[PDB]
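Participant: Quick one: the structure is below, questions incoming.
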Amino acid sequence: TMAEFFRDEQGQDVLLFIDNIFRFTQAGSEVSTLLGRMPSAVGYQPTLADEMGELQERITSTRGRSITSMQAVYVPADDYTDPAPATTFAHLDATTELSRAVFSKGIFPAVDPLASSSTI
Amino acid sequence: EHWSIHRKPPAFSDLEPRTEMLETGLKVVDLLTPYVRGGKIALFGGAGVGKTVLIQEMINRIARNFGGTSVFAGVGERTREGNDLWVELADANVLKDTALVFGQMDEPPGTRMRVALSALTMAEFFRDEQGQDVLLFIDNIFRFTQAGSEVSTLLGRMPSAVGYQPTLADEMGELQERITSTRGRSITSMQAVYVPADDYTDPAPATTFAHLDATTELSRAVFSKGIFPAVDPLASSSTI
Amino acid sequence: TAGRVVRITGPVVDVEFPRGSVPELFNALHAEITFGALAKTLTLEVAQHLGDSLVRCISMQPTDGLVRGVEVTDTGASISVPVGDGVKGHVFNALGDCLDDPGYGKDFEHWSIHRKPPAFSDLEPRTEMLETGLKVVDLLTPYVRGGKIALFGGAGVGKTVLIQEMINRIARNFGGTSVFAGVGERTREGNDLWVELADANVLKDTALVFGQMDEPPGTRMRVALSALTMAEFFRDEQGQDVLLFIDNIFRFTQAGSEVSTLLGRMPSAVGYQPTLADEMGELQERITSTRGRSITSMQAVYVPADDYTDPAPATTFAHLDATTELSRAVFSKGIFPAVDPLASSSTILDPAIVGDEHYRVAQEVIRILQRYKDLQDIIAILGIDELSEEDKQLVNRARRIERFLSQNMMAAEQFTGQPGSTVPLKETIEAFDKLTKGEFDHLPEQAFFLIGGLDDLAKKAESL
Amino acid sequence: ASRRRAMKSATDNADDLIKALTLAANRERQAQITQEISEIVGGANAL
Amino acid sequence: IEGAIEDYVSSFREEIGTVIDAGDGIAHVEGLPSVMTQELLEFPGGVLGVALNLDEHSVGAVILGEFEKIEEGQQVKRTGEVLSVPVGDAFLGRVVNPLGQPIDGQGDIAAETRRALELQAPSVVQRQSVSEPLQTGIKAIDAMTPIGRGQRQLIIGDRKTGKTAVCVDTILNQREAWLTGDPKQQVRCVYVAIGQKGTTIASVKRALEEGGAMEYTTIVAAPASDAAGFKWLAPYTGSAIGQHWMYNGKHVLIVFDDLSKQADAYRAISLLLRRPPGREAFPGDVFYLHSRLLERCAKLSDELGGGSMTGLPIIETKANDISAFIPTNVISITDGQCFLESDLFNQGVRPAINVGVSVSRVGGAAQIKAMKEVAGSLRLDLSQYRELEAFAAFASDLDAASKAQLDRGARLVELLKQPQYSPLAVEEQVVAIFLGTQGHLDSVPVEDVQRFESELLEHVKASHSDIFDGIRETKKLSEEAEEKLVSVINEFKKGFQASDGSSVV
Amino acid sequence: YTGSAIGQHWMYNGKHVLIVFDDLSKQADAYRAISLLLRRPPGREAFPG
Amino acid sequence: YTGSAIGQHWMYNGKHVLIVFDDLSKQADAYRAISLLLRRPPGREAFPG
Ligand SMILES: Nc1ncnc2c1ncn2[C@@H]1O[C@H](COP(=O)(O)OP(=O)(O)OP(=O)(O)O)[C@@H](O)[C@H]1O
Ligand SMILES: Nc1ncnc2c1ncn2[C@@H]1O[C@H](COP(=O)(O)OP(=O)(O)OP(=O)(O)O)[C@@H](O)[C@H]1O
Ligand SMILES: Nc1ncnc2c1ncn2[C@@H]1O[C@H](COP(=O)(O)OP(=O)(O)O)[C@@H](O)[C@H]1O
Ligand SMILES: [Mg+2]
Ligand SMILES: [Mg+2]
């Protein structure tokens, strides 16, 4: 909200940084368990796509307003099949990935070249 | 005149095994798994293996040299396949000698529970009265098992481990027994069974095998090699 | 006072009582069956308080012909087991009635099967070293006093004979008596075991308790507790150390999971009871030694599908000290203990407890045997002739030590005629110290089979 | 003479891949069984 | 007011109940004040039912036979007591309903005495040890896993192996024993078929009467066309008739076709009865169920007549899996196994019995002295022979003893093969194994050993009969008999030629 | 469904029509969420039958 | 929790306290059992979220 206030009124390009978005989703699951809603696959919320979509689409660059973002996302238990990154894959344009094996090799910028992708 | 769909299984006291060497022209079936008249032979395989072509070639080769009546029933299949089959049979004069019935997938699952029963009713009416050799051909049997699973799920019955409806083997046995040749009448049944994801640990193919004696199955690796018959000789077997 | 049954679902039985006669958890209830052809009495135990003067219970015996409204009475006490000196002369199940005759009665004393572990303050702060008559186990896999040890094997590997030898050796050397508890044991095997024990003249000082599969899981879950109860009675009443035997633990866990899932609870952790560690701890906390008296236990666990990460084996391994393994290639070699020294270990083997020379000798033996096993490939493919002097001499020393490691037991006289002997640890360690140099490489092969000490073996070898 | 040792060492190294892949398959099948039983029970009790 | 309740309870022409709802093979009945568990209820239309679940205001039921006649408003009638089976001795050579009715075209059977299915098993103080030669008619079976009276043996196998043929041959092997006068060798064998196609049952029965063993056998068949009740209750009927015949001192042998179908029916009825499920959607008590049907068999003591029974349960598994729930439970509940791998039957050996995994608990206690002596521990010999083929598949140079051992192992393996529908007596098998162990056939070409031995045994049966008399009267092999056999085999092998062979000393 | 109906209208008129669906799993996910919200019984990994 | 509280009380004084947690997974299992006995729907691997 405050970022949007800076973008709209001031008419200035804005830098944005957010960290560990995954925890957000996790929180929702917990409260769902308390509301009594029917559980879904792997014990997640009955609905999760809509909230992720509305949170992602809220960030949008207008013709007169350019906004650059960069989000760090967590992966649980070193598994890529979970829905948490699976849904996030559809809302991204420039993506880089890390691996445990490459880090174990020794090089610190453990970025997989075969898995990283871009659209520009 | 009209007959009830539901019937009663024939008496056990009038059962006798049937042995006969009926021969076709194809090498694999002639040598590996010879067929038997009056018995059951089924086909197996996953998606897109080419069994429909095989059954079409089989019916084309056999119906010409046959003087009996044939009844074809399609539990689940695309409209295009049925229309093409109807056109092909119209292209020849054998269409008058047969009877056709089928149901499509777009219909609710309720209509997919009785088409096989209607075909069996027609077959038994022909066999018991006319006393003539008849041909009963079934495209598939997995579809009605699926529709039963979904209708049972909707009925509120507790499912089993795999998700199949309980007492599915009871329905299997009730359906399979209706095809039976007595001491005086002979009937031949052709069917092909679809397996899900080509997984043979699924209890449904295993329980549908128990009603079979002479079987021929298909594999995907030999198809990927380039061979069109795609018949696996190591696992295929007969009883004669 | 009297109570009436409400609903019956298999072995689960629901009962209703008047307001002022609600029982407490883990009590006993008696009922009768009217039908003549299936005349019987039923015993039930209280496990839940559903409320509104309603109690859910589990039948101890198979149910059939039960009629609604039948009156039920309360014992007023938990499960009672008989204790006294007249025990260990016969066999009987968890219910306590002797199978051979109902002659034994309520003359003996009666104790509740439910107890509590001893306090923390009076726990023994220091462990003790338990010595046996077999040299291989003392040298390689030392036994801890009051601990728990596992045994792996099958049929035809001489484990039953070893069990009998241990029973009689502990009976004769240090006194005391040992009780046997069979859970999930086949009836024919139980009868054969009884016949063998009777023919060995050691059945006099052993108490046999059996658990039949045909019984509902209640017996399968209470037989072990009853055996432990009577063992503790003997230990605290006579002052004699006792040895406790358990055939399997896997069936106990299966029975626990069964009785859990029958009560309509929620499954978890690969179809297992959620608090299995609680039952395991309650069972295993009453085996530790205290007050100068020791209670050693022997178990044989079964691994399902050759998996070691399964939760039940993982929980079982949390209370283990030593493991023993048996094979058939060692049997094909032709030695008595039939144990592989390389596949077994002990958690008390430390240089500061068993002496530095013992550890050095053990390391030397393990190294020699490992080198022999590694060079078996070259022995099979090319032989010993191509091997140099060092290789051939180490191979000869290894095979001689392997032949020497066998020791004659006592009951082996049933097929040989020679009773075994017990050797002190000092003599064995000094003999292994002198054999470390392999000075007896000139001895013939037949002379290396042990019968006892070293002087008698030397005399026999000189008598060949 | 140099040729023989290559095949010997090849066998020696080939054993461990068998061991490791068998372990991985065991873990995978155990996980699938436990997850399917968990999900079927979760579906059952909620109604 | 409590006196009013007491008088009302104590007040209780025939008792009548009312059906409230029905569907999917079960129904709900209320109004019955006092009933016993597993009562055999009666329905107005003639169909039968059993009571399994009891409630404060309802009684569960399971309908065995026809189900469509059930509707709301019908009146049930409490009848008799716990259901029983009428057992007798006229059941031989007939096929009966698992309920005890003559489904076959033959006329109605007589009745001797009614026995309730639910009975207590013999205790531990009424059993003896096992020592008796139950033959099998197959060389490898009694050559590796001996079978004795009172011993339960399991046969587990994959798809399409041939277990049915083995069971049929074992059943029909006792013709000579039946021909004997006294009933000491006489055994009354019975067969139980669960969930098999009627044509298969007819073919099996036809094979039985072609063998000529119809006199001393009966069949209890429950085809797939029946409901779950018959599939659940047939094995108990078979066990009841078997134990009744045993109680009089007659030796009987029970064979079960399958147990998976019974477990499936039990799971179906339990889930339809709305009972808590567990692992693999299986009820908790299923394991206990097996313990109630397989633990009946045991050797008896002489004080009770010394009766005997033997059971051969059959288990099928898919894709060569052993770690499944039911196979593990049944393996743990019994002793002795016979693995049937599909690969061995795929080519070569027809019996296709695995060697490195098969084991018998009783072992030598069930072995006749002569063939125990002649056995010579060829198990280890075959084990090392396999371990040596695993090495020397591409070998050109070997040790002389290694080559000789490999050749002997190959000859013995090629000898162990045996076709179907070919039962053999003990004497010819003992002669054959003596021939194999001594190495007299080592010079016979490996491609034609089997047929060769054939002629010899025929010639052995033709020109000589004293050896068989001796081996049947003393059950032991003598030195003079061995010398005569050596001379006979030498003179026979002197004049034999299959394909460019050579006669050697 | 809207796209299909729009296509069918020209289909009945005799004009050739081509249809492309961007994705199909999203529809299944939405239907599953709706069914789970409406207290319908679930199925194989929580999908309606 | 009691260990944490007794640590924090001395933390107020501003001194150095060392704390040992020799076992954690056992507490997780205890909480899992408590939750399941409270009929709360289990999450991944029977552990609540
Ligand atoms: N002899 C052949 N020569 C060439 N193509 C063949 C031959 N046999 C089969 N095919 C090909 O196989 C396909 C036939 O599909 P078919 O309907 O028979 O498969 P199916 O196994 O019944 O699968 P599904 O039920 O999934 O459609 C076609 O692509 C056809 O070209
Ligand atoms: N010794 C043998 N030599 C050659 N063929 C044999 C032999 N024994 C059995 N067979 C053949 O193997 C098959 C065995 O059929 P059978 O019905 O007994 O199978 P099964 O493995 O017991 O399984 P199922 O009960 O499912 O049919 C038959 O085709 C039979 O001819
Ligand atoms: N070291 C040995 N030397 C000779 N015979 C042995 C030895 N160990 C075991 N046996 C024999 O093996 C048989 C089986 O013994 P055991 O394994 O204790 O019983 P089970 O086979 O029932 O487990 C015994 O009869 C015994 O004679
Ligand atoms: Mg096709
Ligand atoms: Mg068969």
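Participant: By per-residue mean of other Cβ atoms within 10 Å, what is the highest-first order of C:33-44, A:85-96, B:207-218?
Facilitator: Those peptides, ordered most packed to least, come out B:207-218, C:33-44, A:85-96.
Participant: Another one. Which whole number gives the average count of other chain Cβ atoms within 10 Å of the Cβ atoms across peptide C:271-280?
Facilitator: Mean inter-chain Cβ contacts per residue within 10 Å come to 4.
Participant: Right, something else. Nothing charged except the Cβ atoms of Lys and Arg (+1) and of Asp and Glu (-1): what's the magnitude of the dipole of the protein assembly as shown about its Cα centre? Round to the nearest 20 debye.
Facilitator: 820 debye
Participant: Hey, another quick one. Please compute the contact order of the range E:176-267 in relative form: average sequence separation of alpha-carbon pairs under 8 Å and at least six residues apart, divided by the residue count, as a percent.
Facilitator: Values: 113 pairs, mean separation 37.4, N = 92.
Value for the range E:176-267: 41 percent.
Participant: Direction-averaged shadow area of the convex hull around the Cα atoms of chain A, nm²?
Facilitator: 9.8 nm²
Participant: Would you please give the residues with an amide H less than 5 Å from that of residue B:237, counting only those at least 5 places away or on a separate chain, with H modeled from the backbone geometry?
Facilitator: B:215
Participant: In terms of the Cα gyration tensor, with a ≥ b ≥ c the square roots of its eigenvalues, is the protein assembly as shown rounded because a/c is under 1.5, prolate because a/b exceeds b/c, or oblate?
Facilitator: Because its axes are fairly even, with a/c under 1.5, the protein assembly as shown counts as rounded.
Participant: Just want to confirm a number: the relative contact order over the range E:29-179, from Cα pairs under 8 angstrom separated by 6+ residues, in percent.
Facilitator: Reported relative contact order: 15 percent.
Participant: Hey, got a sec? Which trypsin sites (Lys or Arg not before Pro) in the range E:194-299 land in a DSSP loop and have at most 15 other Cβ atoms within 10 Å?
Facilitator: Passing both the DSSP loop test and the Cβ count: E:274.
Participant: Moving on. Measure off 7 Å from each Cα along the Cα-to-Cβ vector at residue E:68 and residue E:55, then give the distance between these two points in nanometres to one decimal.
Facilitator: 2.8 nm
Participant: Right, something else. What chymotrypsin sites (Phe, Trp or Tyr not before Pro) does chain G have in DSSP loop regions with at most 10 other beta carbons within 10 Å?
Facilitator: G:1, G:21
Participant: If you don't mind, another one. Going Cα to Cα from residue E:318, which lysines come in below 18 Å? Please leave out same-chain ones fewer than 8 positions away.
Facilitator: E:160, E:163, E:261
Participant: Also, I was wondering about something else. Considering only DSSP states other than H, G, I, E and B, which trypsin sites (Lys or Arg not before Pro) in the range F:1-38 qualify as loop sites with at most 15 other Cβ atoms within 10 Å?
Facilitator: Those satisfying the criteria are F:15.
Participant: Once you order the gyration tensor axes a ≥ b ≥ c over the Cα atoms, which shape class does the range E:86-370 get: rounded for a/c under 1.5, otherwise prolate or oblate by comparing a/b with b/c?
Facilitator: It is rounded, given that a/c, with a ≥ b ≥ c, falls under 1.5.
Participant: Quick one: putting +1 on the C-beta of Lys and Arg, -1 on the C-beta of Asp and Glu, what dipole do you get for the range E:371-495 around its Cα centre, in Debye to the nearest 20?
Facilitator: That gives a dipole near 280 debye.
Participant: Along the positive direction of the dipole of chain E (beta-carbon charges: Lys, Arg +1; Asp, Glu -1; about the Cα centre), which of E:173, E:435, E:352 reaches farthest?
Facilitator: Of the candidates, E:435 comes out farthest on the positive side.
Participant: Ok, one more. What average number of partner chain Cβ atoms lie no more than 10 Å from the Cβ of the residues making up E:280-287?
Facilitator: 6
Participant: Okay, moving on. What number, in nm² with one decimal, is the all-direction average of the projected area of the convex hull of the alpha-carbon atoms of chain C?
Facilitator: Working: hull surface 109.3 nm².
Averaged projected area of chain C's Cα convex hull equals 27.3 nm².
Participant: To continue, here is another question. Using 0.36 nm times the number of residues separating residue C:317 and residue C:357, minus their current alpha carbon distance, what extension gain do you get?
Facilitator: Result: 11.4 nm gained on full extension.
Participant: With only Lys, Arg, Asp and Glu charged, each at its Cβ (+1 for the first two, -1 for the last two), find how big the charge dipole of the range A:66-120 is about the Cα centre; round to the nearest 20 debye.
Facilitator: Using only the charged Cβ atoms, the result is roughly 160 debye.
Participant: Kindly identify the range C:312-445 as rounded, prolate or oblate by the Cα gyration tensor criterion: order the square roots of the eigenvalues as a ≥ b ≥ c, call it rounded if a/c is under 1.5, otherwise compare a/b with b/c, prolate if a/b is larger, else oblate.
Facilitator: Since a/c stays below 1.5, the shape of the range C:312-445 is classed as rounded.
Participant: Continuing with this model, one more query. How would you rank E:462-469, E:53-60, highest first, on the average number of other Cβ atoms within 10 Å across their residues?
Facilitator: Ranked by mean Cβ neighbours within 10 Å, highest first: E:53-60, E:462-469.
Participant: While we're here: If one computes the Cα centroid of the range B:23-96 and of the range E:427-468, what distance in Å separates the two points?
Facilitator: That distance is 52 Å.
Participant: Let me ask another. Answer with one residue from A:118, G:36, E:477: the one whose Cα lies farthest towards the positive end of the charge dipole of the protein assembly as shown, charges on Cβ with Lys, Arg +1 and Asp, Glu -1.
Facilitator: Comparing the listed Cα positions along the dipole, A:118 ranks first.
Participant: From the phi of every residue in the range B:85-91, what ³J(HN,Hα) in whole Hz does the Karplus formula 6.51 cos²θ - 1.76 cosθ + 1.60 yield, where θ is phi - 60° and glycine or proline is x?
Facilitator: Residue by residue, the range B:85-91 yields 4, 4, 4, 5, 5, 5, 5 Hz.
Participant: What residues qualify as long-range amide H neighbours of residue C:242, i.e. H under 5 Å apart, gap of 5 or more or another chain, H built at 1.01 Å from N?
Facilitator: Excluding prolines and chain starts, which carry no amide H, the hits are C:294, C:296.
Participant: Could you grab the Rg to Rh ratio for chain B? Cα atoms only, Kirkwood for Rh. Before the final figure, lay out the partial values.
Facilitator: Numbers: Rg = 17.9 Å, Rh = 19.1 Å.
Ratio of gyration radius to Kirkwood radius for chain B: 0.94.
Participant: Counting pairs on different chains as well as pairs 8 or more places apart, how many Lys pairs in chain B have Cα atoms under 25 Å apart?
Facilitator: Values: B:8/B:40; B:27/B:40; B:27/B:51; B:27/B:225; B:40/B:51; B:51/B:225.
For chain B, the number of qualifying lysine pairs is 6.
Participant: A follow-up question, please. How many percent of DSSP beta bridges within chain C run antiparallel, rounded to 5?
Facilitator: Bridges in chain C are about 60 percent antiparallel.
Participant: A follow-up question, please. Go ahead and set up a Gaussian network model of chain B, Cα springs under 10 Å, then flag whichever of B:172, B:21, B:122 fluctuates most.
Facilitator: Highest fluctuation of the listed residues: B:21.
Participant: Which residues' amide hydrogens lie under 5 Å from the amide hydrogen of residue B:105, considering only partners 5 or more residues apart or on another chain, with H built in the peptide plane?
Facilitator: B:77
Participant: Evaluate peptide E:334-340: per residue, the Cβ atoms of other protein chains within 10 Å of its Cβ; return the mean as an integer.
Facilitator: Other-chain Cβ atoms within 10 Å of each residue's Cβ, averaged: 1.
Participant: Which residues in the range B:184-222 place their backbone N less than 13 Å from a point set 7 Å from the Cα of residue B:28 along the Cα-to-Cβ direction?
Facilitator: What the label zone holds, given the 13 Å backbone N cut-off, is B:216-222.
Participant: Which whole-number percent is the relative contact order of chain C (Cα, under 8 Å, 6+ apart)?
Facilitator: Relative contact order for chain C comes out at 14 percent.
Values quoted throughout were computed directly from the atomic coordinates according to the rules given, and no laboratory measurement underlies them. Using ideal geometry, Cβ is built from the backbone for each residue, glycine included, and neighbour counts are taken over all protein chains shown.
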